[PDB]
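Below is one structure; the comments refer to it alone.
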Amino acid sequence: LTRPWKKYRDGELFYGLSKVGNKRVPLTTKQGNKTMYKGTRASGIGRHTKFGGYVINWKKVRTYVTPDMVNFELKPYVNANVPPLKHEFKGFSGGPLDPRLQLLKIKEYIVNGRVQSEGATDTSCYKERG
Amino acid sequence: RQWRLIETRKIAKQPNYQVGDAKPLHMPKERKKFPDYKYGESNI
Amino acid sequence: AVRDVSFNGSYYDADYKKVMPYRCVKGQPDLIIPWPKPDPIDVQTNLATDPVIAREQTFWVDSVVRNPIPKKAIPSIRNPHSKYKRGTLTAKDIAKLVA
Amino acid sequence: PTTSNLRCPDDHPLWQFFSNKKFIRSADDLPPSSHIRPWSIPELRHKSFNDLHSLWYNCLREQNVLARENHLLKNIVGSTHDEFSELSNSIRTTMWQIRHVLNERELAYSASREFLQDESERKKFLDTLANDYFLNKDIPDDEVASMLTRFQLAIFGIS
Amino acid sequence: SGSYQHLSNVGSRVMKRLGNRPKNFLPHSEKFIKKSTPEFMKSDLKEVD
Amino acid sequence: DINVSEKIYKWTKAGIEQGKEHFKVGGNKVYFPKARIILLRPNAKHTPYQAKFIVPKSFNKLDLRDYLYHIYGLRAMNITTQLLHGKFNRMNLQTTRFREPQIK
RNA sequence: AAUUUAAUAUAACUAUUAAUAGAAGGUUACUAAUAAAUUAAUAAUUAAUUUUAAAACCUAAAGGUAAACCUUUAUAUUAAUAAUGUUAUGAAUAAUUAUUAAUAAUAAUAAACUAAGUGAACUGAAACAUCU
Ligand SMILES: [Mg+2]
Ligand SMILES: [Mg+2]
Ligand SMILES: [Mg+2]
Ligand SMILES: [Mg+2]
């Protein structure tokens, strides 16, 4: 008696629920002949050797670079007491990518540059130009 | 006589491309060498 | 009690902290029903950036010769091998395809 | 084997996978939704690449912590509170907003360079700078020295 | 309830079909959810998509 | 003069001594990764000196070493991968059967 | 102030009549997101036009395969430069870091209608072959 709480035959399978179903599901790595090789897009580095080995090409390996100095104060969220700033590009057809806006921005940087914008000066401003 | 099986042949009408036009996704790898025949190659 | 209520426009409310409509009684628009006063807020969580430096501007457009983003960072910003980005034609290409 | 023989340090890096050395944050400890709001695209535009880089990884680190808590909750307790999931989604919103700002910024720089590459537009912009703010009636004496220093740095490669 | 489903998105077609049930047949599912929940988290109002 | 394996050991020792990577940094730089890893509670077959993670499926063994060192400062000496299977599942017998996600 | 009746919805198919026009699926994941401008009316707000970002893998034809997989260093090659190390032996020289010019590629893309080639048999002839 595989299941002591089922003394008589009720149609229950030895395991699982149904013995039949779809077989056209995509192949995975754990299933197939010993010569099958699915892969997990986790190795595009190096060149298989003629004998059957591998040689890491270190100009293709992937490395995650973090800034040397990390700003700890920038938390992932933002305090709710600062309103969501909005930007207006009135008179600029191309929007933030518009070249003449860039020219104006460098113009301001020339004459009285490196100056905090209106939105940065106060945490209570609702829209800002640019 | 009339040339029914040569006249009835039809070929695709390629669009006219200007220099300031979108690049087709797939293009031949070799320059065209002959003017397109009006009726194309017989398909039969 | 108020039978029915309508709205006749929108405005920015520094109390609700966002844009809200005007809530006027149906009929007379002069009688305006104010939105309720929001409850006080006290942010003490360490995962919230302080307002005074969250908004503090650090970047200025001060160059046309140096790319603000290093070249090796472009792939992370966008896909270089994008199928949706198609180029334009030239005189050479047209002559190549026109019989 | 006994753990009394160990010296597991208090500064051990894996502690960054926990919130204040807690197994799983409770409701009170979790940041409330009212007090919080994800960044806005305009706000990120006022940030340097280094700062945006710093924000990205700070977002990712807490994303790992929240992911660890979601998995523990949804694989053992089975509760559908999904408070951690919502927090992670809010961080995910900021992460792509950062990505949008960088792309728009890079495109803007390229567009400006191309626009200034045309001789007529470059000459107009330069002469406008020359006539209006430069060649003043000596109102700036040494300020123009600064003006030029930023001029060479921006338009050209002279530092 | 360990399923590892939250870490991936498998069965997109089936999930979409289940989550986009025809609106004509919602009463079929509404009865199912109602009969299978305790009375102290159930409201007598219809849901909203 | 020395075997390859001895040289590998020397490089790792040199990296730790100089406070630098104990591995070789590749040339493909990812500036804004979006991969997340889940810490897992120890099993009986583990020791207090190990840690198990649920990494992304498309994640090399080298990738985790760099991921830990550069983002967290943790140095992993030996890293080993266990990729699990996905059992067939169905919320009801009327729906199509599909495999559960594979978790690396 | 409430109720009934008939019609009207993002939320059915079929038939006729009138008008207008000739258009993504699947797999699972490091999830596959947007930004704006001009005009028209009560500082704001909708409508119309224009611009704009991202968009993983497979769907014969970059190559191959057992579809969502592997090889193709476009984060690439050549050239130049500043520096480092650095061989070579001040200069050179490549290696590296970082800039600028040139060198390059992404086919799922419907069905019905039309035209052309080839072209049956069952069946009717109360059988059958000319014929159908
Ligand atoms: Mg087997
Ligand atoms: Mg193995
Ligand atoms: Mg093979
Ligand atoms: Mg007959």
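Simple scheme: letters A, B, ... for chains in structure tokens order, numbers from 1 for residues in each chain, numbers from 1 for ligands in the order shown.
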
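For ligand 2, the set of protein, DNA and RNA residues within 10 Å, based on only C-alpha atoms (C1' of nucleotides) and all ligand atoms, reads residues 80, 81, 82 and 83 of chain F.
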
Give me, as a ChimeraX atom specification, the residues of chain F touching chain E, with the criterion being at most 10 Å (counting only C-alpha atoms). /F:54,56,86-87,89,95-103

Would you kindly report the residues of chain A within 9 Å of chain F, using only C-alpha atoms, as an NGL selection string? :A and (17-18 or 21-23 or 25 or 28-30 or 40-43 or 57-66)

Just-selected residues, N, CA and C atoms written as a PDB file, in the first residue's frame:
ATOM      1  N   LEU A  17      -0.337  13.663 -11.227  1.00  0.00           N
ATOM      2  CA  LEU A  17      -1.779  13.741 -11.411  1.00  0.00           C
ATOM      3  C   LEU A  17      -2.246  13.077 -12.695  1.00  0.00           C
ATOM      4  N   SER A  18      -1.595  13.361 -13.820  1.00  0.00           N
ATOM      5  CA  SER A  18      -1.979  12.809 -15.110  1.00  0.00           C
ATOM      6  C   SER A  18      -0.777  12.151 -15.762  1.00  0.00           C
ATOM      7  N   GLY A  21      -0.325  14.098 -21.621  1.00  0.00           N
ATOM      8  CA  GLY A  21      -0.404  15.522 -21.854  1.00  0.00           C
ATOM      9  C   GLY A  21       0.485  15.921 -23.014  1.00  0.00           C
ATOM     10  N   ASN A  22       0.682  17.230 -23.134  1.00  0.00           N
ATOM     11  CA  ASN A  22       1.465  17.764 -24.237  1.00  0.00           C
ATOM     12  C   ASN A  22       2.913  17.305 -24.148  1.00  0.00           C
ATOM     13  N   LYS A  23       3.505  17.025 -25.310  1.00  0.00           N
ATOM     14  CA  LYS A  23       4.920  16.699 -25.412  1.00  0.00           C
ATOM     15  C   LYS A  23       5.686  17.675 -26.288  1.00  0.00           C
ATOM     16  N   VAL A  25       6.510  20.697 -25.709  1.00  0.00           N
ATOM     17  CA  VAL A  25       7.093  21.783 -24.926  1.00  0.00           C
ATOM     18  C   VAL A  25       8.547  21.954 -25.348  1.00  0.00           C
ATOM     19  N   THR A  28      14.763  21.503 -22.648  1.00  0.00           N
ATOM     20  CA  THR A  28      15.584  22.133 -21.625  1.00  0.00           C
ATOM     21  C   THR A  28      16.915  21.396 -21.525  1.00  0.00           C
ATOM     22  N   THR A  29      17.739  21.815 -20.566  1.00  0.00           N
ATOM     23  CA  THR A  29      19.094  21.284 -20.473  1.00  0.00           C
ATOM     24  C   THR A  29      19.119  19.889 -19.867  1.00  0.00           C
ATOM     25  N   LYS A  30      18.271  19.630 -18.876  1.00  0.00           N
ATOM     26  CA  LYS A  30      18.349  18.386 -18.124  1.00  0.00           C
ATOM     27  C   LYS A  30      17.839  17.183 -18.901  1.00  0.00           C
ATOM     28  N   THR A  40      23.071  28.137 -21.669  1.00  0.00           N
ATOM     29  CA  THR A  40      22.322  29.131 -20.902  1.00  0.00           C
ATOM     30  C   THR A  40      22.835  30.536 -21.170  1.00  0.00           C
ATOM     31  N   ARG A  41      23.292  30.787 -22.391  1.00  0.00           N
ATOM     32  CA  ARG A  41      23.833  32.095 -22.746  1.00  0.00           C
ATOM     33  C   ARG A  41      24.777  32.624 -21.672  1.00  0.00           C
ATOM     34  N   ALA A  42      25.469  31.726 -20.976  1.00  0.00           N
ATOM     35  CA  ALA A  42      26.367  32.098 -19.893  1.00  0.00           C
ATOM     36  C   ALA A  42      27.834  31.912 -20.252  1.00  0.00           C
ATOM     37  N   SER A  43      28.151  31.696 -21.529  1.00  0.00           N
ATOM     38  CA  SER A  43      29.544  31.508 -21.932  1.00  0.00           C
ATOM     39  C   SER A  43      29.665  31.893 -23.405  1.00  0.00           C
ATOM     40  N   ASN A  57      39.245  34.141 -23.524  1.00  0.00           N
ATOM     41  CA  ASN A  57      39.634  35.396 -24.157  1.00  0.00           C
ATOM     42  C   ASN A  57      39.202  36.517 -23.224  1.00  0.00           C
ATOM     43  N   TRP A  58      40.167  37.096 -22.515  1.00  0.00           N
ATOM     44  CA  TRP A  58      39.862  38.015 -21.429  1.00  0.00           C
ATOM     45  C   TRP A  58      39.357  39.367 -21.911  1.00  0.00           C
ATOM     46  N   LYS A  59      39.424  39.648 -23.205  1.00  0.00           N
ATOM     47  CA  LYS A  59      38.820  40.864 -23.730  1.00  0.00           C
ATOM     48  C   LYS A  59      37.329  40.708 -23.978  1.00  0.00           C
ATOM     49  N   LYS A  60      36.776  39.515 -23.749  1.00  0.00           N
ATOM     50  CA  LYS A  60      35.346  39.278 -23.859  1.00  0.00           C
ATOM     51  C   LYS A  60      34.686  38.986 -22.521  1.00  0.00           C
ATOM     52  N   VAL A  61      35.461  38.676 -21.480  1.00  0.00           N
ATOM     53  CA  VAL A  61      34.867  38.415 -20.178  1.00  0.00           C
ATOM     54  C   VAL A  61      34.190  39.682 -19.676  1.00  0.00           C
ATOM     55  N   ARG A  62      33.160  39.501 -18.859  1.00  0.00           N
ATOM     56  CA  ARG A  62      32.295  40.591 -18.436  1.00  0.00           C
ATOM     57  C   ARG A  62      32.612  40.959 -16.995  1.00  0.00           C
ATOM     58  N   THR A  63      32.888  42.239 -16.759  1.00  0.00           N
ATOM     59  CA  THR A  63      33.215  42.737 -15.432  1.00  0.00           C
ATOM     60  C   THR A  63      32.339  43.933 -15.108  1.00  0.00           C
ATOM     61  N   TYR A  64      31.865  43.982 -13.870  1.00  0.00           N
ATOM     62  CA  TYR A  64      30.949  45.018 -13.412  1.00  0.00           C
ATOM     63  C   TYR A  64      31.756  46.052 -12.641  1.00  0.00           C
ATOM     64  N   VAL A  65      31.847  47.257 -13.190  1.00  0.00           N
ATOM     65  CA  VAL A  65      32.702  48.308 -12.653  1.00  0.00           C
ATOM     66  C   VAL A  65      31.846  49.266 -11.842  1.00  0.00           C
ATOM     67  N   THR A  66      32.276  49.541 -10.621  1.00  0.00           N
ATOM     68  CA  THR A  66      31.603  50.470  -9.738  1.00  0.00           C
ATOM     69  C   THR A  66      32.455  51.717  -9.545  1.00  0.00           C
TER      70      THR A  66
END

Environment of ligand 3 within 12 Å, counting only C-alpha atoms (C1' of nucleotides) and all ligand atoms, reported as a PyMOL selection string: (chain A and resi 35-38) or (chain G and resi 64-66+69-71)

Per-residue nearest contacts chain A to ligand 1, cut-off 8 Å, using only C-alpha atoms and all ligand atoms, as JSON lines:
{"residue": "A:30", "atom": "CA", "partner": "ligand 1", "partner_atom_place_in_ligand_line": "1 (Mg)", "distance": 6.9}
{"residue": "A:31", "atom": "CA", "partner": "ligand 1", "partner_atom_place_in_ligand_line": "1 (Mg)", "distance": 4.9}
{"residue": "A:32", "atom": "CA", "partner": "ligand 1", "partner_atom_place_in_ligand_line": "1 (Mg)", "distance": 5.3}
{"residue": "A:33", "atom": "CA", "partner": "ligand 1", "partner_atom_place_in_ligand_line": "1 (Mg)", "distance": 6.2}
{"residue": "A:34", "atom": "CA", "partner": "ligand 1", "partner_atom_place_in_ligand_line": "1 (Mg)", "distance": 7.4}

What do you get as a list in words if you pick all residues at most 12 Å from ligand 4, counting only C-alpha atoms (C1' of nucleotides) and all ligand atoms? residues 122, 123, 124, 125, 126, 127, 128, 129, 131 and 132 of chain G

Residues from the last selection, N, CA, C and O atoms (P, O5', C5', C4', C3', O3' and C1' of nucleotides), saved as a PDB file, in the first residue's frame:
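Writing done, so here's out_11.pdb:
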ATOM      1  P     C G 122     -14.804   7.220 -62.615  1.00  0.00           P
ATOM      2  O5'   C G 122     -15.668   7.545 -61.319  1.00  0.00           O
ATOM      3  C5'   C G 122     -15.508   6.776 -60.139  1.00  0.00           C
ATOM      4  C4'   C G 122     -16.224   7.392 -58.964  1.00  0.00           C
ATOM      5  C3'   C G 122     -17.724   7.548 -59.100  1.00  0.00           C
ATOM      6  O3'   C G 122     -18.428   6.342 -58.872  1.00  0.00           O
ATOM      7  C1'   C G 122     -16.807   9.542 -58.240  1.00  0.00           C
ATOM      8  P     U G 123     -19.449   5.790 -59.978  1.00  0.00           P
ATOM      9  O5'   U G 123     -20.424   7.016 -60.234  1.00  0.00           O
ATOM     10  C5'   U G 123     -21.162   7.584 -59.168  1.00  0.00           C
ATOM     11  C4'   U G 123     -21.753   8.915 -59.550  1.00  0.00           C
ATOM     12  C3'   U G 123     -22.713   8.903 -60.720  1.00  0.00           C
ATOM     13  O3'   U G 123     -24.010   8.478 -60.357  1.00  0.00           O
ATOM     14  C1'   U G 123     -21.195  10.690 -60.968  1.00  0.00           C
ATOM     15  P     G G 124     -24.907   7.661 -61.401  1.00  0.00           P
ATOM     16  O5'   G G 124     -25.189   8.716 -62.554  1.00  0.00           O
ATOM     17  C5'   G G 124     -26.087   9.792 -62.356  1.00  0.00           C
ATOM     18  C4'   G G 124     -26.409  10.477 -63.657  1.00  0.00           C
ATOM     19  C3'   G G 124     -26.789   9.557 -64.804  1.00  0.00           C
ATOM     20  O3'   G G 124     -28.143   9.152 -64.770  1.00  0.00           O
ATOM     21  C1'   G G 124     -25.186  11.113 -65.549  1.00  0.00           C
ATOM     22  P     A G 125     -28.554   7.725 -65.370  1.00  0.00           P
ATOM     23  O5'   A G 125     -28.122   7.815 -66.901  1.00  0.00           O
ATOM     24  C5'   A G 125     -28.812   8.665 -67.803  1.00  0.00           C
ATOM     25  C4'   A G 125     -28.065   8.835 -69.102  1.00  0.00           C
ATOM     26  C3'   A G 125     -28.035   7.628 -70.019  1.00  0.00           C
ATOM     27  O3'   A G 125     -29.206   7.531 -70.807  1.00  0.00           O
ATOM     28  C1'   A G 125     -25.866   8.575 -69.853  1.00  0.00           C
ATOM     29  P     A G 126     -29.952   6.125 -70.995  1.00  0.00           P
ATOM     30  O5'   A G 126     -30.816   5.972 -69.669  1.00  0.00           O
ATOM     31  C5'   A G 126     -30.810   4.756 -68.931  1.00  0.00           C
ATOM     32  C4'   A G 126     -30.107   4.929 -67.610  1.00  0.00           C
ATOM     33  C3'   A G 126     -29.141   3.804 -67.229  1.00  0.00           C
ATOM     34  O3'   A G 126     -27.963   4.328 -66.617  1.00  0.00           O
ATOM     35  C1'   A G 126     -30.753   4.103 -65.526  1.00  0.00           C
ATOM     36  P     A G 127     -26.522   4.094 -67.290  1.00  0.00           P
ATOM     37  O5'   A G 127     -26.357   2.513 -67.358  1.00  0.00           O
ATOM     38  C5'   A G 127     -25.901   1.776 -66.234  1.00  0.00           C
ATOM     39  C4'   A G 127     -25.024   0.619 -66.638  1.00  0.00           C
ATOM     40  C3'   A G 127     -23.649   0.975 -67.178  1.00  0.00           C
ATOM     41  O3'   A G 127     -22.704   1.233 -66.156  1.00  0.00           O
ATOM     42  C1'   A G 127     -24.664  -0.616 -68.596  1.00  0.00           C
ATOM     43  P     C G 128     -21.665   2.447 -66.300  1.00  0.00           P
ATOM     44  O5'   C G 128     -20.991   2.207 -67.718  1.00  0.00           O
ATOM     45  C5'   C G 128     -19.924   1.283 -67.876  1.00  0.00           C
ATOM     46  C4'   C G 128     -19.278   1.424 -69.230  1.00  0.00           C
ATOM     47  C3'   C G 128     -18.859   2.837 -69.598  1.00  0.00           C
ATOM     48  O3'   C G 128     -17.575   3.163 -69.100  1.00  0.00           O
ATOM     49  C1'   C G 128     -20.133   1.912 -71.356  1.00  0.00           C
ATOM     50  P     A G 129     -17.031   4.668 -69.186  1.00  0.00           P
ATOM     51  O5'   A G 129     -16.467   4.776 -70.667  1.00  0.00           O
ATOM     52  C5'   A G 129     -15.352   3.994 -71.074  1.00  0.00           C
ATOM     53  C4'   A G 129     -14.899   4.342 -72.470  1.00  0.00           C
ATOM     54  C3'   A G 129     -15.576   5.555 -73.106  1.00  0.00           C
ATOM     55  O3'   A G 129     -14.636   6.261 -73.913  1.00  0.00           O
ATOM     56  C1'   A G 129     -15.934   3.655 -74.455  1.00  0.00           C
ATOM     57  P     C G 131     -14.801  12.525 -75.468  1.00  0.00           P
ATOM     58  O5'   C G 131     -16.313  12.917 -75.193  1.00  0.00           O
ATOM     59  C5'   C G 131     -16.990  13.829 -76.040  1.00  0.00           C
ATOM     60  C4'   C G 131     -18.408  14.045 -75.585  1.00  0.00           C
ATOM     61  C3'   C G 131     -18.571  14.586 -74.177  1.00  0.00           C
ATOM     62  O3'   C G 131     -18.401  15.987 -74.104  1.00  0.00           O
ATOM     63  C1'   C G 131     -20.025  12.757 -74.491  1.00  0.00           C
ATOM     64  P     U G 132     -17.754  16.644 -72.795  1.00  0.00           P
ATOM     65  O5'   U G 132     -18.787  16.286 -71.643  1.00  0.00           O
ATOM     66  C5'   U G 132     -20.097  16.829 -71.639  1.00  0.00           C
ATOM     67  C4'   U G 132     -20.859  16.389 -70.417  1.00  0.00           C
ATOM     68  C3'   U G 132     -20.267  16.819 -69.085  1.00  0.00           C
ATOM     69  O3'   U G 132     -20.741  18.096 -68.706  1.00  0.00           O
ATOM     70  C1'   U G 132     -20.823  14.502 -69.037  1.00  0.00           C
TER      71        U G 132
END

Counting only C-alpha atoms (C1' of nucleotides), collect the residues of chain G whose closest atom lies at most 10 Å from chain C, and write them out as JSON, numbers by chain. {"G": [42, 43, 44, 45, 53, 54, 55, 74, 75, 98, 99, 105, 106]}

Go ahead and save the picked residues with C-alpha atoms (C1' of nucleotides), as a PDB file, in the first residue's frame.
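Writing the result to result-v6.pdb gives the following:
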ATOM      1  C1'   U G  42     -12.559  77.804 -19.945  1.00  0.00           C
ATOM      2  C1'   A G  43      -2.244  79.968 -14.039  1.00  0.00           C
ATOM      3  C1'   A G  44      -3.558  75.334 -15.322  1.00  0.00           C
ATOM      4  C1'   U G  45      -6.612  71.761 -18.458  1.00  0.00           C
ATOM      5  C1'   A G  53      13.570  57.112 -26.052  1.00  0.00           C
ATOM      6  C1'   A G  54      13.685  51.725 -24.770  1.00  0.00           C
ATOM      7  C1'   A G  55      12.123  47.209 -27.081  1.00  0.00           C
ATOM      8  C1'   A G  74      31.654  46.541 -33.732  1.00  0.00           C
ATOM      9  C1'   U G  75      33.121  47.512 -25.735  1.00  0.00           C
ATOM     10  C1'   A G  98      41.545  57.398 -22.889  1.00  0.00           C
ATOM     11  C1'   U G  99      40.038  60.546 -27.224  1.00  0.00           C
ATOM     12  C1'   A G 105      25.564  44.021 -41.009  1.00  0.00           C
ATOM     13  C1'   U G 106      19.546  42.341 -38.488  1.00  0.00           C
TER      14        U G 106
END

Using only C-alpha atoms and a distance of at most 12 Å, pull out the residues of chain A that contact chain C, as a PyMOL selection string. chain A and resi 63-66+71-86+96+99+101-127+130

Write the selection just made, keeping N, CA and C atoms, as a compact mmCIF listing (two decimals), in the first residue's frame?
# COMPACT_ATOMS: atom_id res chain seq x y z
N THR A 63 32.89 42.24 -16.76
CA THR A 63 33.22 42.74 -15.43
C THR A 63 32.34 43.93 -15.11
N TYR A 64 31.87 43.98 -13.87
CA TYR A 64 30.95 45.02 -13.41
C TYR A 64 31.76 46.05 -12.64
N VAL A 65 31.85 47.26 -13.19
CA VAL A 65 32.70 48.31 -12.65
C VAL A 65 31.85 49.27 -11.84
N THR A 66 32.28 49.54 -10.62
CA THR A 66 31.60 50.47 -9.74
C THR A 66 32.46 51.72 -9.54
N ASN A 71 28.68 57.71 -3.71
CA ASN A 71 27.86 58.66 -2.97
C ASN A 71 26.87 57.88 -2.12
N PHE A 72 27.13 57.81 -0.82
CA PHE A 72 26.26 57.06 0.07
C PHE A 72 24.93 57.75 0.33
N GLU A 73 24.87 59.08 0.17
CA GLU A 73 23.66 59.79 0.57
C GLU A 73 22.51 59.57 -0.40
N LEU A 74 22.80 59.24 -1.66
CA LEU A 74 21.74 59.06 -2.65
C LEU A 74 21.00 57.75 -2.42
N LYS A 75 19.94 57.81 -1.61
CA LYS A 75 19.14 56.63 -1.34
C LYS A 75 18.31 56.26 -2.56
N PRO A 76 17.91 54.99 -2.68
CA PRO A 76 17.14 54.58 -3.86
C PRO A 76 15.83 55.32 -4.03
N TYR A 77 15.15 55.67 -2.94
CA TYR A 77 13.91 56.42 -3.01
C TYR A 77 14.18 57.90 -2.77
N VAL A 78 13.11 58.68 -2.66
CA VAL A 78 13.20 60.11 -2.39
C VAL A 78 12.12 60.47 -1.38
N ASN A 79 12.45 61.39 -0.48
CA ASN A 79 11.49 61.84 0.51
C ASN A 79 10.24 62.38 -0.18
N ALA A 80 9.08 62.09 0.40
CA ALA A 80 7.82 62.50 -0.22
C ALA A 80 7.58 64.00 -0.10
N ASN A 81 8.32 64.69 0.76
CA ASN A 81 8.09 66.11 0.98
C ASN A 81 8.65 66.99 -0.13
N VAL A 82 9.43 66.44 -1.05
CA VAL A 82 9.92 67.18 -2.21
C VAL A 82 9.01 66.86 -3.39
N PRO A 83 8.42 67.85 -4.06
CA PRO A 83 7.45 67.56 -5.11
C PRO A 83 8.12 66.97 -6.33
N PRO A 84 7.39 66.22 -7.15
CA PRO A 84 7.97 65.74 -8.41
C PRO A 84 8.23 66.89 -9.38
N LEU A 85 9.50 67.21 -9.59
CA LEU A 85 9.84 68.30 -10.49
C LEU A 85 9.42 67.96 -11.92
N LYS A 86 9.01 68.99 -12.65
CA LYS A 86 8.68 68.87 -14.06
C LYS A 86 9.52 69.86 -14.85
N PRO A 96 14.30 68.05 -25.16
CA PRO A 96 15.62 68.02 -24.50
C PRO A 96 16.76 67.66 -25.43
N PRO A 99 19.17 70.77 -30.45
CA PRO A 99 20.52 71.35 -30.38
C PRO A 99 20.55 72.77 -29.84
N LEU A 101 18.77 74.18 -27.64
CA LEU A 101 18.73 74.14 -26.18
C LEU A 101 20.12 73.87 -25.61
N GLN A 102 20.85 72.94 -26.22
CA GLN A 102 22.21 72.67 -25.76
C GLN A 102 23.08 73.91 -25.91
N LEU A 103 22.93 74.64 -27.02
CA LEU A 103 23.70 75.86 -27.21
C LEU A 103 23.40 76.87 -26.11
N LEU A 104 22.12 77.04 -25.78
CA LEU A 104 21.76 77.95 -24.70
C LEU A 104 22.36 77.49 -23.38
N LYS A 105 22.32 76.18 -23.11
CA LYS A 105 22.84 75.68 -21.85
C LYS A 105 24.34 75.95 -21.72
N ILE A 106 25.10 75.73 -22.80
CA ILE A 106 26.51 76.07 -22.76
C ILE A 106 26.70 77.58 -22.68
N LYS A 107 25.81 78.35 -23.32
CA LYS A 107 25.86 79.80 -23.19
C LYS A 107 25.76 80.20 -21.72
N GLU A 108 24.77 79.67 -21.01
CA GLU A 108 24.64 79.98 -19.59
C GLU A 108 25.87 79.52 -18.82
N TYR A 109 26.41 78.36 -19.17
CA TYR A 109 27.63 77.90 -18.50
C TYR A 109 28.77 78.88 -18.71
N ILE A 110 28.81 79.55 -19.86
CA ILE A 110 29.86 80.52 -20.11
C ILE A 110 29.67 81.73 -19.22
N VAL A 111 28.55 82.43 -19.40
CA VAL A 111 28.24 83.62 -18.62
C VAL A 111 27.47 83.18 -17.38
N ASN A 112 28.10 83.28 -16.22
CA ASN A 112 27.49 82.87 -14.96
C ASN A 112 27.15 81.38 -14.99
N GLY A 113 28.20 80.56 -15.09
CA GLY A 113 28.06 79.13 -15.14
C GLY A 113 28.34 78.46 -13.81
N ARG A 114 28.17 77.14 -13.80
CA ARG A 114 28.36 76.33 -12.60
C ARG A 114 27.49 76.86 -11.46
N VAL A 115 26.25 77.22 -11.78
CA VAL A 115 25.31 77.81 -10.84
C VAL A 115 24.12 76.88 -10.70
N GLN A 116 23.73 76.59 -9.46
CA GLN A 116 22.61 75.69 -9.22
C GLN A 116 21.36 76.22 -9.91
N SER A 117 20.63 75.33 -10.56
CA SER A 117 19.42 75.71 -11.27
C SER A 117 18.33 76.10 -10.28
N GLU A 118 17.25 76.66 -10.81
CA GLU A 118 16.16 77.11 -9.95
C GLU A 118 15.57 75.96 -9.15
N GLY A 119 15.43 74.79 -9.78
CA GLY A 119 14.90 73.64 -9.06
C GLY A 119 15.80 73.16 -7.95
N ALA A 120 17.11 73.26 -8.13
CA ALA A 120 18.04 72.79 -7.10
C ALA A 120 18.10 73.73 -5.91
N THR A 121 17.95 75.03 -6.13
CA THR A 121 18.09 75.99 -5.03
C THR A 121 17.04 75.74 -3.95
N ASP A 122 15.80 75.49 -4.35
CA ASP A 122 14.70 75.30 -3.42
C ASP A 122 14.05 73.95 -3.65
N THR A 123 13.71 73.27 -2.56
CA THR A 123 13.02 71.99 -2.62
C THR A 123 11.51 72.15 -2.61
N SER A 124 11.00 73.33 -2.98
CA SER A 124 9.57 73.58 -3.01
C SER A 124 9.12 74.13 -4.37
N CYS A 125 9.94 73.97 -5.40
CA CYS A 125 9.60 74.44 -6.73
C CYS A 125 8.89 73.34 -7.51
N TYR A 126 7.86 73.72 -8.25
CA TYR A 126 6.97 72.76 -8.90
C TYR A 126 7.31 72.50 -10.36
N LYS A 127 7.69 73.51 -11.15
CA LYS A 127 8.30 73.28 -12.45
C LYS A 127 9.57 74.11 -12.58
N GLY A 130 13.78 74.29 -18.85
CA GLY A 130 14.86 73.47 -19.36
C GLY A 130 14.56 71.99 -19.28

Can you tell me which residues surround residue B:8 at a distance of at most 10 Å, considering only C-alpha atoms (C1' of nucleotides), apart from same-chain residues fewer than 6 positions away, and format the answer as a PDB file with N, CA and C atoms (P, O5', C5', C4', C3', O3' and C1' of nucleotides), in the first residue's frame?
ATOM      1  N   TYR B  39       9.480  41.424 -68.951  1.00  0.00           N
ATOM      2  CA  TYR B  39       8.598  40.321 -68.574  1.00  0.00           C
ATOM      3  C   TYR B  39       9.215  39.338 -67.582  1.00  0.00           C
TER       4      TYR B  39
ATOM      5  P     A G 115      -9.388  35.839 -63.097  1.00  0.00           P
ATOM      6  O5'   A G 115      -7.900  35.784 -63.652  1.00  0.00           O
ATOM      7  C5'   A G 115      -7.387  36.837 -64.447  1.00  0.00           C
ATOM      8  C4'   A G 115      -5.926  36.634 -64.746  1.00  0.00           C
ATOM      9  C3'   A G 115      -5.535  35.254 -65.239  1.00  0.00           C
ATOM     10  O3'   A G 115      -5.796  35.065 -66.616  1.00  0.00           O
ATOM     11  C1'   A G 115      -4.036  35.936 -63.553  1.00  0.00           C
ATOM     12  P     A G 116      -6.005  33.586 -67.196  1.00  0.00           P
ATOM     13  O5'   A G 116      -4.573  32.917 -67.041  1.00  0.00           O
ATOM     14  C5'   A G 116      -3.479  33.385 -67.807  1.00  0.00           C
ATOM     15  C4'   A G 116      -2.214  32.626 -67.501  1.00  0.00           C
ATOM     16  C3'   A G 116      -2.312  31.114 -67.523  1.00  0.00           C
ATOM     17  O3'   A G 116      -2.326  30.562 -68.823  1.00  0.00           O
ATOM     18  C1'   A G 116      -1.145  31.772 -65.603  1.00  0.00           C
TER      19        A G 116
END

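Of the listed residues G:14, G:38, G:4, G:20, the one whose atoms come nearest to residue A:94 is G:38, with distances taken using only C-alpha atoms (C1' of nucleotides).
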
Could the residues of chain D that have an atom at most 9 Å from chain E be listed as a tab-separated table, each with its closest atom pair and the distance in Å to one decimal, counting only C-alpha atoms and ordered by chain and ascending residue number?
residue	atom	partner	partner_atom	distance
D:70	CA	E:6	CA	8.8
D:71	CA	E:6	CA	7.9
D:74	CA	E:1	CA	6.6
D:75	CA	E:2	CA	4.0
D:76	CA	E:1	CA	6.3
D:77	CA	E:1	CA	7.1
D:78	CA	E:1	CA	4.9
D:79	CA	E:1	CA	8.6
